[PDB]
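Form solved without the named molecule, single chain, as structure tokens, below.
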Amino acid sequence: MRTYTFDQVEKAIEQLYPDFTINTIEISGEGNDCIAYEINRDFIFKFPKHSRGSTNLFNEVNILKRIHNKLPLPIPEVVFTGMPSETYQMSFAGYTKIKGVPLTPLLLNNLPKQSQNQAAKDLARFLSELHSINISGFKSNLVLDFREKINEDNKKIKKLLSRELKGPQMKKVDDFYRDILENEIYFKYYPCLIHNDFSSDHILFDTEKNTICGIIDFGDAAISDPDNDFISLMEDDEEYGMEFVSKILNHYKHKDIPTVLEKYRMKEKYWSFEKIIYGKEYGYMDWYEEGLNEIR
């Protein structure tokens, strides 16, 4: 976590875009990587909160450039870019603002049923088109192999928690990982481009038309398991629930729905472990203690 004032934001952008006069600045929203500023009412400028976030911002800028006209929904179009330094791979990025509000579970459920169903179809067509984008020209570094990630997570957890857990407790963590890794269904998928953070906060809605009008926040985008993009929608608390996602799956012509459900169940048990690792790697200490407490 690092912080910006309006004066730094304006100065940073002026250095590189001297001819863009700034009138108004205000915070649009915040994710885990960047703060997003609304400039001149019509632009969103993301500035990274730390080096990791900046690397994700850099990722987002390059992916958006590659897929800019391949999708059936608006996505952010980059119009302004910052520069690298010893600290940030990209100091900021500016794009055209997508008007609209997040499609919260609450909003979605209050829509007429025909609109709920168009939303499901629209989300599926967007995912289908996305997961079909040809990935040849993509940076091979973008590939996230789930088997590799799980193995590396198991060594990170050991190394992080070795002096925190009693032996029997670490042995059970070890068992959990071993069990995950002997199940081939988590690891057999055809890699493609995925949004990888495809949740309701990132789906923008036009409440005059009652239709989805944008997908945002491509900072986690990767070449990986397409099923990631359904499981992130399935949580009942903060997301859409099984019923709605099962309409999406059906429009998508998903062939193996029980496999999607099993990946969701495993991801849900996996969350404590993600909180420890994501906690340390994004320096969110609250998450770390929560997952550690849970593990006991």
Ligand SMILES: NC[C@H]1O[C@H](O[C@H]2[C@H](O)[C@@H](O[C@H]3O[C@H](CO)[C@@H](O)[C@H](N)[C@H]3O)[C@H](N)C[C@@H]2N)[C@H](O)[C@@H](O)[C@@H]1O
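Numbers for residues come from their place in the sequence shown, where the first is 1.
Look at the C-alpha B-factors of 287-295 and of 1-9. On average they run higher in 1-9. For the two regions 78-86 and 128-136, the entry's Cα B-factors average higher over 128-136. The residue among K113, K188, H202, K209 whose C-alpha atom has the highest B-factor in the PDB entry is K188. When the C-alpha B factors of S28, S232, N62, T55 are read from the deposited coordinates, the top value falls at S28. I257: CA B factor lies in the middle third for its chain, per the PDB record. For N141, the recorded CA B-factor ranks within the highest third of the chain. Only modelled residues enter the ranking. Split the chain's modelled residues into thirds by C-alpha temperature factor. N228 is in the lowest one. Among the modelled residues of the chain, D217 sits in the lowest third by CA temperature factor in this PDB entry. Ranked within its chain, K247 lands in the middle third, by CA B factor from the PDB record.
Here the subject shifts to the form deposited with the named molecule bound, a form of this protein not shown in this document.
Site annotation in the deposited complex: the residue of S246, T55, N32, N62 reaching within 4.5 Å of the named molecule with a heavy atom is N32. Interface residue among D145, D153, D197, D122, judged by heavy atoms within 4.5 Å of the named molecule in the deposited complex: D197. For the three residues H131, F187 and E262, a heavy atom within 4.5 Å of the named molecule turns up in the deposited complex in no case.
Comment: 189-197 is the region of 189-197, 174-182, 105-113, 132-140 lying near the named molecule in the deposited complex, near meaning a non-hydrogen atom within 4.5 Å.
For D220, a non-hydrogen atom is located within 4.5 Å of the named molecule in the deposited complex, even though that partner is not displayed. Though the partner is left out of this view, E238 does reach within 4.5 Å of the named molecule in the deposited complex, counting heavy atoms only.
In the deposited complex, none of the heavy atoms of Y288 sits within 4.5 Å of a heavy atom of the named molecule.
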